[PDB]
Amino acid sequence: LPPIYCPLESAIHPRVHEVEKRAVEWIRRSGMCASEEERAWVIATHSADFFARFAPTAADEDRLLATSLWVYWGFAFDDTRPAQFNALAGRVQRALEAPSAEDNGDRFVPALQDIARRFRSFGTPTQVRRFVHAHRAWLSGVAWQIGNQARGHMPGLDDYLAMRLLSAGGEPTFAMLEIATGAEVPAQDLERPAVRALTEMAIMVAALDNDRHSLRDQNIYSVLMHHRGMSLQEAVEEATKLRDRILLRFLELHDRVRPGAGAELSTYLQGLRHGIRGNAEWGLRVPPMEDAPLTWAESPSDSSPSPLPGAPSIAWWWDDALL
C-alpha cells in the first residue's frame, strides 16, 4: 500500500540493453533451463536491468554481464526437503570454490561454474573469495528458511531479520559490486564494522522492499501478524516504520563514513546506495520494464534514531562505540 521512502540516486548502466541481449543468449545455451517455458520465466526476471542499476558505470560490459548472469542463476536456482537441500547447498557451493568439481547431471552446477570461470578471469582471488563467502551465507539463509517451512516454525522478528539478511540474496549481490566496477576494495576498508553495518543495512532494506514487492509465507507481514496479533494493514504499517528506520540509520552512518573513505570504498558505498534504490525501483517497474512515473515517499514513516526493539541481532548497527 504505502509508497517507498528512498531518497537515493537512481541510475542504470547505459549499455543495459546490450548486456541483457548477451545474457538472454547465455540463458538459452546454459542447460540451467529444461523447457522453453522456464527460459522465458528466467528472462522475465529482467536481471540485467536489476544489476545495471547496481553498477551503472561499470567500465567493462563483460564484468557487468558476468555479475548479471549470477542474478539470473539465483532466481532460476531459487525456483527440496531440508535434508537433501543441505547436501545440494554443499555440492553447489563446492562447485563455486572447486573448478574441477563435476556436475553429476545437476543442471545448476555447470552454469554456476561458467559464472565462477568469468569471475576468476576478471576478479582478484580476494574479490572471488568475498563472493564465495557471501554465496555460502545466502545458502545458509535459504537452508534456515526451508527448515522453518518444513517444520511449520514461524520465526519471531529477531530470527526473521537474521535469516532474511541471508536468504534474500543481498550478501552475494553486493559482493559483486567490486567484480563489476574493477578496483579491489582494501580488506581494511571493506571489513570495518561501520562498513559491514552499512552493507547489512543496505541488504536488510532491500530484503524488506522485496517482502513488500510480493504481498500481492515467511515475510515480515506474517511474522508480525503471528507474533504481535496485528491485522494485515497494521503489519504493513509496522513493517514500513521498521524498514524506514533501518534506512535512516543507513543514511546517518553513511554520512559519517563517506567523507574519510578512499577511492574504492567510496565507489562500493555508491554501489550500496545505487542497489537499495535500484532494487526498490526494479521491483516497482517489473512485470519490457514499465516506465510510467513512480511516486516516492518524501519522508520516513518513523524517524526514531533508536535500535528496533525486538531485534537485538541488528541493535549493534546503532552502537557507534562498537563501530
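Quick note: we count residues from 1 along the sequence shown, nothing fancier.
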Unmodelled deposited residues between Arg216 and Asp217, binned: 4 to 9
Residues with no coordinates between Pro287 and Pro288, taken from the deposited sequence as a class: 10 or more
Higher-B stretch (mean Cα B-factor, as the entry records it), 292-300 or 275-283: 292-300
102-110 versus 144-152 - greater average Cα B-factor per the deposited record: 102-110
Out of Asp209, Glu200, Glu234, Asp158, highest CA B-factor residue: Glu234
Top Cα B factor in the deposited entry, candidates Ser47, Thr57, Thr67, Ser35: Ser35
Position of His227 among the chain's modelled residues by C-alpha B-factor, lowest, middle or highest third: highest
CA B-factor ranking of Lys241, expressed as a third of its chain: highest
CA B-factor placement of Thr267, once the chain's modelled residues are sorted into thirds: lowest
Third of the chain's Cα B-factor distribution that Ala315 belongs to, per the entry: lowest
Chain third (lowest, middle, highest) by recorded CA B-factor, residue given as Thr80: highest
